[PDB]
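Q: Provided hereafter are the protein sequence and its experimental coordinates.
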Amino acid sequence: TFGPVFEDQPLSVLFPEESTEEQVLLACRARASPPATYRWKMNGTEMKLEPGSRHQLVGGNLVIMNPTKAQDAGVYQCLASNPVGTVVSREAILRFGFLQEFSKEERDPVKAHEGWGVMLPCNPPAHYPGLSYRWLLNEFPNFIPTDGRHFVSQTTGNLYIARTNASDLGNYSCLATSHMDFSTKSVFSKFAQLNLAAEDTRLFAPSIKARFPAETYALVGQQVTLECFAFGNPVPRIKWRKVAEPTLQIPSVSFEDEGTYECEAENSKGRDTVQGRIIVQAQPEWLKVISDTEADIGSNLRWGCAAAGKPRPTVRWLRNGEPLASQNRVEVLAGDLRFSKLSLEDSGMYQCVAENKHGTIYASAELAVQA
């Protein structure tokens, strides 16, 4: 006979607001002898799963009836125990995917001058997760092309023109698109009128008005997009370097791509520059983990775990899914479990828990003290 070994664990779920399914599963199972009983935790609080209930346990599996952001969004964790002891699953995040439509309330007039640079605000509906942004001239689907006189941000979704013309006269609408697992959804706004008053004849050294953060935090492998677009006359040219498009794309980052990046808006009259720093981070991943150990009574044990990733993660310890700190019999150091002479009250499940700002991983094993 033996203690619980996880055969499947809950993974984070993006339940789309809408949906046909009137429920949401969070999987969990463990092989154990005798058969393993299950418990659940939400946001750190334990779950009441009861008879005539809405939070239903189906043999290890958590099934939540009619889920809502306002009631169900959060962090869930499975707990698998039997006479031998408890182990705890990875945390799974339950999030809700939605996109509202723009207000049927008309847009604020945005009037500028010909030759002047002008920004048109998207100001988009409530949404999760992040969106694509395109803009529309007069009708649908009459798209604005991104060419250098035009720029649509993928943060704010605001349209930018560096210099206005006679060709830019018309009505404008922001089209927000959400991409999720089984559905794309595009919503667009009421049409704002761009009025263009008397032509300015003057020239302006470029001013960057679409910047990118002082610092940008990304994981290894992530796509990275820094935005840099500038007002100016004549139409400024975007230049990038490490210390020719307005957005610098990094298809998959390695650690080398860390450092200060510089954007140069430069027309013939001057140059505006902007500097930001990319920090390359990484998830905790298991370098070494504890194994099911069979030990004699009164013996000693050197147990250990270590994890990679930036920043260097912190190794916790759990006994039967309970925060373990150093105590009479047991010694604790970062990722080290030293048993100063074993008792039978040690025969249980143990886990090491490595974690940083980016994630928390788990590794478990059974201790069996024998005579």
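A: Structure's in. What do you need? Numbering: from 1, shown residues only.
Q: so how far is residue 247 from the closest residue in space to residue 207 that isn't next to it in sequence?
A: Closest residue in space to residue 207, ignoring its immediate chain neighbours: residue 231 at 4.9 Å, by CB to CB, 6 or more residues apart in numbering. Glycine gets a C-beta too; all of them are placed from N, C-alpha and C. For residue 231, the distance to residue 247 (CB to CB, to the nearest Å) stands at 17 Å.
Q: Ok, residue 131 next?
A: As judged by CB to CB, residue 131 and residue 247 stand 16 Å apart.
Q: Same check on residue 94?
A: In terms of CB to CB, residue 94 sits 33 Å off from residue 247.
Q: How about residue 292?
A: The spacing between residue 292 and residue 247, counted by CB to CB, is 51 Å.
Q: Which of these two has more residues huddled nearby?
A: Ranked by neighbour count (other CB atoms under 10 Å), residue 292 and residue 247 place residue 247 first, with 18 against 13.
Q: so what's residue 89 up against?
A: Taking CB atoms under 8 Å, 6 or more residues apart in numbering, we find residue 89 in contact with 6, 9, 10, 28, 77, 78, 79, 80, 362.
Q: Count the residues that sit near the second one.
A: The burial metric for residue 9, expressed as a neighbour count using other CB under 10 Å, is 19.
Q: Quick check: it touching residue 38?
A: No - if you go by CB atoms under 8 Å, residue 9 and residue 38 don't touch, sitting 11.8 Å apart.
Q: Give me the sheet partners of the strand or helix carrying residue 271 and which way each runs.
A: If you go by DSSP states H and E, residue 271 is part of strand 270-281. Strands that pair with strand 270-281, judged by DSSP bridges, come out as strand 215-219 (parallel), strand 259-267 (antiparallel).
Q: could the ones you listed go into CSV alongside distance to residue 296 and mean neighbour count?
A: Rendered in CSV, the data for the strands paired with strand 270-281 read as follows (distance: least, CB to CB, whole Å; neighbours: other CB atoms under 10 Å):
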stretch, distance to residue 296, mean neighbour count
strand 215-219, 44, 14
strand 259-267, 54, 19
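Q: Figure out which of the ones you listed is closest to residue 298.
A: Proximity to residue 298 (CB to CB) singles out strand 215-219 among the strands paired with strand 270-281, at 45.9 Å.
Q: And for the closest one, what's in contact with it?
A: 224, 226, 253, 276, 277, 278, 279, 280, 281, 282, 283, 358.
Q: Report the distance from it to the chain centre.
A: How far strand 215-219 lies from its chain's middle: 12 Å, per CA atoms, centre = their mean, to the nearest Å.
Q: where do the helices sit along the protein?
A: Taking DSSP state H as the criterion, the chain carries its helices at 69-72.
Q: Could you break it into its assigned domains?
A: 1-97, 98-202, 203-281, 282-371 (curated CATH domains).
Q: First-to-last residue distance for the last one?
A: I take that to be domain 282-371. Domain 282-371 has its terminal residues 44 Å apart, counting by CA to CA, to the nearest Å.
Q: mind listing what residue 35 touches?
A: Here residue 35 is in contact with residue 82 (CB under 8 Å, 6+ apart).
Q: ok, so what distance separates it from residue 338?
A: Taking CB to CB, one finds residue 35 at 33 Å from residue 338.
Q: likewise residue 203?
A: Relative to residue 338, and taking CB to CB, residue 203 is found at 73 Å.
Q: picking that back up, out of the contacts of residue 89, which comes closest to residue 149?
A: residue 10 (49.3 Å).
Q: Is the spatially closest residue to that closest one that is not a sequence neighbour bridged to anything, and to what?
A: Leaving aside its sequence neighbours, residue 10 sits nearest to residue 92 (CB to CB, 6+ apart; 3.6 Å). Counting by DSSP bridges, residue 92 is bridged to residue 76.
Q: so what's residue 92 up against?
A: For residue 92, the contacting residues are 9, 10, 11, 12, 13, 26, 75, 76, 77, by CB under 8 Å, 6+ apart.
Q: What distance do you get for the second one to residue 40?
A: Put plainly, it is residue 10. For residue 10, the distance to residue 40 - CB to CB - is 9 Å.
Q: same deal with the fifth one?
A: Taken as CB to CB, the spacing of residue 13 relative to residue 40 amounts to 14 Å.
Q: now swap in the last one and tell me
A: Remark: distance between residue 77 and residue 40 (CB to CB) = 7 Å.
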